[PDB]
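Q: First residue of the first sequence: 379, per the entry's author numbering; consecutive thereafter. Could you have a look at this structure, given as structure tokens, before my questions?
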Amino acid sequence: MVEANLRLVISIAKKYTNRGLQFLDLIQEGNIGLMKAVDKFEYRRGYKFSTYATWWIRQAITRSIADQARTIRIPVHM
DNA sequence: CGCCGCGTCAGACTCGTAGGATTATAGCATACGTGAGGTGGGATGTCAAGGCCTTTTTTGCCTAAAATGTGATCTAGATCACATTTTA
Numbered sequence: 379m380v381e382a383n384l385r386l387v388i389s390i391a392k393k394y395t396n397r398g399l400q401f402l403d404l405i406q407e408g409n410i411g412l413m414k415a416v417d418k419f420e421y422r423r424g425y426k427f428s429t430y431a432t433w434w435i436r437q438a439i440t441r442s443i444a445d446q447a448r449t450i451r452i453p454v455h456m
């Protein structure tokens, strides 16, 4: 599953590899959200998988950029 | 053996001049801890009157005793117009 959907991970990743942090870190975090979605996904919902891990990936990257990527940590609320 | 290609590595010295950055990234719910706020409470620190001792300020006082007064009786100084008289 994971080795299959790596291209989803990288595709979504490089929408956000504008000069925020760096490519490969967005990619790696994307693989983390991917592994979550593989751990959680239900076939019985019968939907496509792409959407599910799209959400999960996007969460993971979207707050790893914010936790990291600065010398001064601004937490999520600000 | 002797190229050839690729790569590594230095490029003078002291002063001055200016301020200075930027893109876009979801959203709400749970639940937990830490910062700025209260809060009585030991405990410390202050400020105004009183009891131990010595010193200081009044102040007794203690007797040597030298000093302070009594006043009629004197005394040895002190004067002034005339008559010379001396000395530089």
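Yeah, the Cβ is synthetic: ideal placement off N, Cα and C, and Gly gets one too.
Kindly confirm or deny that the stretch 407-420 and the stretch 439-451 touch, where touching means at least three C-beta pairs closer than 8 Å.
A: yes
Q: Excluding five sequence neighbours on each side, which residues of the same chain lie with their C-beta closer than 8 Å to the C-beta of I388?
A: Within the first sequence, numbered from 1, the residue matching residue 388 stands at position 10. Closer than 8 Å at the Cβ level, and outside the excluded window around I388, lie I405, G408.
Q: Since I435 contacts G411 with CB under 8 Å, what's their CB separation in whole angstroms?
A: Reading the first sequence from its first residue, position 57 is the one you call residue 435. Reading the first sequence from its first residue, position 33 is the one you call residue 411. Right, their Cβ atoms sit about 4 Å apart.
Q: Around the C-beta of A431, are 16 or more other C-beta atoms found within 10 angstroms, so that it is buried, or is it exposed?
A: Taking the first residue of the first sequence as 1, we reach residue 431 at position 53. Per the 10 Å Cβ criterion, buried.
Q: Name the residue from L384, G398, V380 whose alpha carbon lies nearest to the alpha carbon of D445.
A: Along the first sequence, read from residue 1 onward, the residue named residue 445 stands at position 67. It is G398 whose Cα lies nearest to the Cα of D445.
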